[PDB]
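Ideal geometry is used to build each Cβ from the backbone, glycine not excepted, and the neighbour counts take in all protein chains shown. Please treat every number below as a calculation from the coordinates, not as lab data.
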Amino acid sequence: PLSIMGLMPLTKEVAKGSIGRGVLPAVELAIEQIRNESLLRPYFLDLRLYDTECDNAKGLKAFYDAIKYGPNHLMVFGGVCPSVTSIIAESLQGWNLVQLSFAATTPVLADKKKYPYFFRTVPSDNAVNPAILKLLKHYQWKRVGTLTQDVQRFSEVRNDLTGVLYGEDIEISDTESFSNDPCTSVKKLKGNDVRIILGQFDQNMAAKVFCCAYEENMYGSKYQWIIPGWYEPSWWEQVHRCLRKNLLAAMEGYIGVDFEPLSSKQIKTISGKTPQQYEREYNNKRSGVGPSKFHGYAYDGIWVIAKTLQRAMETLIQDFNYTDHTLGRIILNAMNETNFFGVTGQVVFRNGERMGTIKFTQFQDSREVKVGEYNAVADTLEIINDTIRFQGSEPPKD
Amino acid sequence: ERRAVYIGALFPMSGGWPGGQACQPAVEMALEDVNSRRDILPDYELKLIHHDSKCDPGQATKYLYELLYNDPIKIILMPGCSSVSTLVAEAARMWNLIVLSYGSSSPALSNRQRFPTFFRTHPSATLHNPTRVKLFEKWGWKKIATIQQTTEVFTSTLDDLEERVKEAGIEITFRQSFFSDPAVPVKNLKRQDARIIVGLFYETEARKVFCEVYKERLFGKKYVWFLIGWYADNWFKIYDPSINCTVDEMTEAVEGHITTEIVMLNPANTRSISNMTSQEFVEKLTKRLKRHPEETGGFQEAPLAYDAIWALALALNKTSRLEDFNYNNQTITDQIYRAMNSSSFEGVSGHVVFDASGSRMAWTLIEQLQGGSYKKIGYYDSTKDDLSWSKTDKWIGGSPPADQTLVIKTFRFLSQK
Ligand SMILES: NC[C@H](CC(=O)O)c1ccc(Cl)cc1
């Protein structure tokens, strides 16, 4: 029995419970396959699920109860909402526990001096900066402007972007930031002849930004917008200043950037299957539960946990009463060594951060379509032709 | 013979704000003074169980677990800085506990629908904002910049400063934020030509901010910095291995910056409920300390801890019932909540009242660094609109600088020769 502490919103009352309920089939498949093939020969993986409704109070209560009443847990697995995830991840080191998340995408968790024991199988949303760098190098865009909403996540994404570009020859002409209304800032962007704009703002502020861009005439054949792509699908007509035709005319052609759910290769993964077969069996396993985006990352996370427990038992003393510093260090050093082809690509960690594939999508007439990928392990950007298009003949130049 | 009742506490002895060093002996003094008196609790006894939270939510989480899951049942917790206070106050509704802070100034902790059982003796940090707006209006500045750290206390202070400053016709042109590294926002401030800068960050981080300011030459005759007056008096001369800028460079990197702080101590010489004036309190505290007051962190917040302990004791006396308290029922905790909500007594830091707005103090001290030392340059009372200006502030050139130097319509005249 190798007990694992599973924290994720399973409650129906919370909106984020959809993530846990759609992820559970994937983790079930992974653990049942591990039990069948018997990777851990004498032991067996015991995943204990503790429900956290993304309330900091209830999440901390569940964590405390699992620490005291539950078995001796070796690791923590899960953490979907950012508040509870931050609370647990900062404090893990006190109990020598090691966390592996699959939904916590905030870039602040990448600080390995405040979160030394935190790991991620999902690319954080500040890992889209080298993807944007390769996209800029692909079209010879050597002068960009930025429009950043002033909260923590976007500020950190921008403070990382400015360091990614350091050494290259892409200069940030103008830098802007707003808090409540971006209209004052789009005017300053227009008044400096900024052609390529890297926006880091929220979903509710995106509608305002695009309305202010339509009013400022910051669109058409000679302007390009590159905004985040994790917005929910059909996020424009859900809003109800500018009537929808102008909003759509202002946002036609923006390139979203986001991580990719599943791989597109056919090479056999560590499970002995291909990503297409895994997706087929996942879709026929869950009957009516809503499909989540993190099911592949949960499959890979369970396989990472199994492999790291295996290679930690290889170097072995085994008891864990939350006092064993040595066992925590052994599990850390074993998790740092994870390298295998999972269902979402190759699973490699660079200081706790997963090196995955970032996909590009472009808003055509009334829907977003995929227009390329960026493989961060090989550092290669491939743009799917026949898909990406521009309103002018050539790409807009700065 | 007396049934002991226990309180939990978390004193930050290090980190962002090391207030525990001088707020823990104050709590010891207050507990001794309230246990010696037979009028307050004739049959109970207030005892303290404390831990050094170091002012970070990780060790605070560990010690909160050790507190809530150990031998003595606690009736109230007393966290320190704003981070630990927010964590405990939003986690304490599951165990039905009351949280009473003494040094927590986060404006976000005034939300009753989010921190339902939270009290504090420290004023909210929204009091610095009207003083800043008054200093902007006096000197005629209309567009300012900000460089904060993304902690909830500074975010809330900046939001309130925003809705304040927008009300008087002044705009914040540039907003920068950073989590642990200020180099990029500092160089973005330099590249954007910002003149009047409001920095909202802790001291151990102000040192890094100002190292990066020195390396960017973002100081001199054109720039004015508005910091927080709660840092140590020699915070720029303190040796710090994380920064590369030496002491002599940093001493001139920060020169002529304005700071604001609240008084926190009763200026009058009347006697409080403990039968002790502010001078005797300060003298006993100084005799109780191990180092000098100027180098002991959190000396200006010790009366707040004293008054917090006294208010807790008075509210427990008003109900006088205690050993029947467990983390499950809601009767005793909301009884104590109703008792504390209606507290009013003359403490060593003025009239102690637990209001929702968190602003029971009025006077704001305004200072300025002149030649490596702080000199007081005024006072301000936000309610009666009083500005006791002392006419002492110095400037390079006799007059305070101005941002965005204005255009001058100079005429061309026929040569007179
Ligand atoms: N009592 C002072 C208060 C403590 C806190 O907010 O945790 C404080 C606020 C802000 C700063 Cl920069 C330094 C200290």
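Overview of results
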| quantity | calculated |
| --- | --- |
| Qualifying residues in the range B:218-240 (those that are within 24 Å of the chain's Cα centre (by Cα) and among the aliphatic types (A, V, I, L, M)) - the one nearest to the ligand (Cβ to nearest atom) | B:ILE228 |
| Yes/no for B:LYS215 being basic (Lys, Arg), away from chain A (no Cβ under 12 Å), more than 15 Å from the ligand (Cβ to nearest atom) and touching a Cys at 6+ places or on another chain (Cβ under 9 Å) | yes |
| Residues located in the range B:1-39, provided they are closer than 26 Å to B:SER85 by Cβ and in a loop (DSSP other than H, G, I, E, B) | B:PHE11, B:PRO12, B:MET13, B:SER14, B:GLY15, B:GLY16, B:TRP17, B:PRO18, B:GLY19 |
| Qualifying residues in the range B:191-201 (those that are farther than 24 Å from A:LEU109 by Cβ and surrounded by 21 or more Cβ atoms within 10 Å (Cβ to Cβ)) - the one farthest from the other protein chains (Cβ to nearest Cβ) | B:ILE196 |
| Number of the condition not met by B:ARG271 [criteria: (1) among the charged types (D, E, K, R); (2) outside any loop (DSSP other than H, G, I, E, B); (3) in contact with an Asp or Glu (Cβ under 9 Å, 6 or more places away or on another chain)] | (2) |
| Any pair with Cβ under 8 angstrom, 6 or more apart, that starts in the range A:160-183 at a residue that is over 13 Å from B:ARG175 (Cα atoms) and more than 11 Å from every other protein chain (Cβ to nearest Cβ) and ends at one that is part of a strand (DSSP E or B) and basic (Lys, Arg) | A:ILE170/A:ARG143 |
| Subset of the range A:41-53 (residues that are within 13 Å of another protein chain (Cβ to nearest Cβ) and surrounded by fewer than 21 Cβ atoms within 10 Å (Cβ to Cβ)) | A:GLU53 |
| Condition met for A:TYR115 (within 14 Å of chain B (Cβ to nearest Cβ), aromatic (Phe, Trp, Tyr) and either surrounded by fewer than 20 Cβ atoms within 10 Å (Cβ to Cβ) or part of a helix (DSSP H, G or I) (or both)) | no |
| From B:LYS222, B:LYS208, residue being more than 30 Å from B:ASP39 (Cβ to Cβ), part of a helix (DSSP H, G or I) and not hydroxyl-bearing (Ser, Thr, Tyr) | B:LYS208 |
| Search result, residues across the range B:40-54 that are of a type in the set (A, V, I, L, M) and in a strand (DSSP E or B) | B:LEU46, B:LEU48, B:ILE49 |
| Hits in the range B:16-48 (condition: surrounded by fewer than 21 Cβ atoms within 10 Å (Cβ to Cβ) and within 27 Å of B:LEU200 (Cβ to Cβ)) | B:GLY16, B:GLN21 |
| The range A:59-87: number of residues that are within 19 Å of the chain's Cα centre (by Cα) and more than 8 Å from chain B (Cβ to nearest Cβ) | 11 |
| Qualifying position, being touching a helix residue (DSSP H, G or I) at 6+ places or on another chain (Cβ under 8 Å), farther than 21 Å from B:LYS47 by Cβ and hydrophobic (A, V, I, L, M, F, W, C), among B:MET361, B:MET340 | B:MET361 |
| Those residues of the range B:60-96 which are within 14 Å of another protein chain (Cβ to nearest Cβ), in contact with a helix residue (DSSP H, G or I) (Cβ under 7 Å, 6 or more places away or on another chain) and hydrophobic (A, V, I, L, M, F, W, C), in sequence order | B:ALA60, B:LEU64, B:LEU77, B:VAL84, B:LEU87, B:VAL88, B:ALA89, B:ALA91, B:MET94, B:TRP95 |
| Residue match in the range A:147-157 (condition: crowded, with 20+ Cβ neighbours inside 10 Å, facing chain B (nearest Cβ under 9 Å) and in a loop (DSSP other than H, G, I, E, B)) | yes |
| The range B:144-190 - residue that is at the interface with another protein chain (Cβ under 10 Å from one of its Cβ atoms) and among the β-branched types (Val, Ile, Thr) and, of those, farthest from B:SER124 (Cα to Cα) | B:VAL184 |
| Residue within the range B:96-107 that is within 16 Å of the ligand (Cβ to nearest atom), more than 16 Å from the chain's Cα centre (by Cα) and crowded, with 24+ Cβ neighbours inside 10 Å present | yes |
| Residue under evaluation B:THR277, criteria (1) crowded, with 18+ Cβ neighbours inside 10 Å; (2) away from the ligand (no atom under 16 Å from the Cβ), criterion not met | (1) |
| Count of residues meeting criterion [within 25 Å of B:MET340 (Cα to Cα) and either within 14 Å of chain A (Cβ to nearest Cβ) or within 16 Å of the ligand (Cβ to nearest atom) (or both)] in the range B:26-59 | 3 |
| Of all residues making up the range B:72-95, the number that are in contact with a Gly (Cβ under 7 Å, 6 or more places away or on another chain), within 16 Å of the ligand (Cβ to nearest atom) and among the charged types (D, E, K, R) | 0 |
| Hits in the range B:108-117 - residues which are away from the ligand (no atom under 14 Å from the Cβ) and within 14 Å of chain A (Cβ to nearest Cβ) | B:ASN111, B:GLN113, B:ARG114, B:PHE115, B:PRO116, B:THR117 |
| Any hit, the range A:99-107, residues being more than 30 Å from B:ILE172 (Cα to Cα), within 14 Å of chain B (Cβ to nearest Cβ) and in a strand (DSSP E or B) | yes |
| Top-ranked residue of the range A:360-373 - restricted to ones that are more than 19 Å from A:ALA250 (Cβ to Cβ) and in contact with an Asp or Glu (Cβ under 8 Å, 6 or more places away or on another chain), ranked as surrounded by the most Cβ atoms within 10 Å (Cβ to Cβ) | A:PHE360 |
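Table: residues versus (1) under 15 Å from A:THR162 (Cβ atoms); (2) under 22 Å from the mean Cα position of the chain (by Cα); (3) within 16 Å of the ligand (Cβ to nearest atom); (4) of a type in the set (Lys, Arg).
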residue	(1), (2), (3), (4)
B:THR150	no, yes, yes, no
B:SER156	no, yes, yes, no
B:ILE172	no, no, no, no
B:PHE178	yes, yes, yes, no
B:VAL184	yes, no, no, no
B:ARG191	yes, no, no, yes
B:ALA194	no, no, no, no
B:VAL198	no, yes, yes, no
B:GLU205	no, yes, yes, no
